[PDB]
Structure formats: C-alpha cells, structure tokens
Amino acid sequence: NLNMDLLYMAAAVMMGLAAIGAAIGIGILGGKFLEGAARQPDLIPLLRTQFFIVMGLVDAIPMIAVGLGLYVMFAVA
Amino acid sequence: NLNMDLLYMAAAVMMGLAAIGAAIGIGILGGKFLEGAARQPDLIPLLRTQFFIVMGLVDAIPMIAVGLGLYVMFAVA
Amino acid sequence: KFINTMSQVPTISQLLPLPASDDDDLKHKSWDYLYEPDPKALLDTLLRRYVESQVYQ
C-alpha cells in the first residue's frame, strides 16, 4: 500500500544525509591529520591515535541515523 | 502501480547524497595529501599509505548508502 | 685571515653568490619548520643578515 512508498523514501533521506555528514565530517578532519604528518612525520603514530579518538565522536550521530534507517527499511518494511 | 516509481526516486536520492558525500570528502582529503607530498617528497611511500587508511573510513558510510540503493533498485524494484 | 699568533694571510673570499655548503641536510628530511609567516620573505631576511655576520666576522 501507500506506506511502502514513503517508508523507503524516508529511509533514503535519513541515510543519504547521514552519509554526507559522516564523509565530509571525517574528510575535514583527515586533512588536518595529513598536513601535520607531512611536516614532521615522526609524530604519525601519535597523531593517528588522537585521530581515532576524535573520529569516534564524529560518527556518533551519523551511525545512529543509519541504524534508525536500517530499522525503518528492514524491520518496518 | 506507483510503488516502483517512488522506490526508484528513493534510491536516486540515496545515491545522489552518497555521491556528494564521497566526492567532497575524498576531494578535501586528497587536497591535503597533494600538499604533503610536495613539502616532503621521498616520504610519498608513507603519506599515500596513511591517505588510504583515512579514505577507507571516509567511504565507510557512502558504501552502505550505495549498497542499500542497489538493494532497493534491483531486489525491491 | 688570522691563522697563527705570528702568521696572517690576506684572503679574498666570495660571500654572494652564496658559496656551496660542504654538508648535506638530506638528514633533515624527517622534519620541516612551521614557517610563520611565509618562507620566501623570511629567506630574504636570513640571507641579508648572514652576509652581515660574515663581513663583521
């Protein structure tokens, strides 16, 4: 019925934006990780650590939205 | 009926947003990578490695977006 | 050139164009300065100040 139109439409718009957020949000981060390494690469293993520390925070909301989108698409059908 | 039309619409939205995200993320990351090599050519061995390590995380989510867009277009539609 | 307490020799030496360094800073590979504000306007001042010391010397 009509539901199974929009139940997919929503799942798209939620998971599409959740992509634009997660990708760009990390890229802006990753760039600053590289330009620092490209000056004094001796700190690569140090900075990489901090990188993950902060990247986990970036994927806080995007992965929540992806989870809700998967719930809407599969469980709610 | 109308179901397949808006299923295609939903997959279209999903993949357009996923493409925006992946493109701009890898672009901003590669810009800084192309700066690092110039400053310190001879470590290119290394900046490219780290760049791939970051690109994987950048693309993690857009890949899911494309996966589910295809899942819709050619299993649900 | 002051060489010994009883031996001094007149020398003509080249200051600019800059003479060629015996050493190689390929070993400085592994680091680069965070040039503030910008490297070219800074190298200009570095070179001017360097000829001055060598003259003073």
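No Cβ is skipped: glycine too gets one built from the backbone with ideal geometry, and neighbour counts run over all protein chains shown. Bear in mind these aren't lab numbers, they're just calculated from the coordinates by the rules spelled out.
Of note:
- Filter pass, C:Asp32 being surrounded by 10 or more Cβ atoms within 10 Å (Cβ to Cβ), out of contact with any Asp or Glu (no Cβ under 9 Å at 6 or more places or on another chain) and under 30 Å from B:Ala37 (Cβ atoms): yes
- Inspection of region A:40-48 identifies no residue that is more than 29 Å from B:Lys32 (Cα to Cα) and either within 7 Å of another protein chain (Cβ to nearest Cβ) or aromatic (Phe, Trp, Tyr) (or both).
- Only one of the numbered conditions (1) among the hydrophobic types (A, V, I, L, M, F, W, C); (2) farther than 28 Å from A:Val13 by Cα; (3) at the interface with another protein chain (Cβ under 7 Å from one of its Cβ atoms) is violated by B:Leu57, and that is (2).
- Test: residue in region B:2-18 that is among the acidic types (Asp, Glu), within 7 Å of chain A (Cβ to nearest Cβ) and in a helix (DSSP H, G or I): no
- Residues in region A:26-77 that are basic (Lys, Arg) and assigned to a helix (DSSP H, G or I) were compared, and the one that is nearest to B:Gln40 (Cα to Cα) is A:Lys32.
- Boolean, A:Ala23 is more than 26 Å from B:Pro41 (Cβ to Cβ) and within 7 Å of another protein chain (Cβ to nearest Cβ): yes
- Of all residues in region B:12-28, exactly one satisfies the criterion of being under 10 Å from A:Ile24 (Cβ atoms), of a type in the set (A, V, I, L, M) and buried (at least 23 other Cβ atoms within 10 Å of the Cβ), namely B:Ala22.
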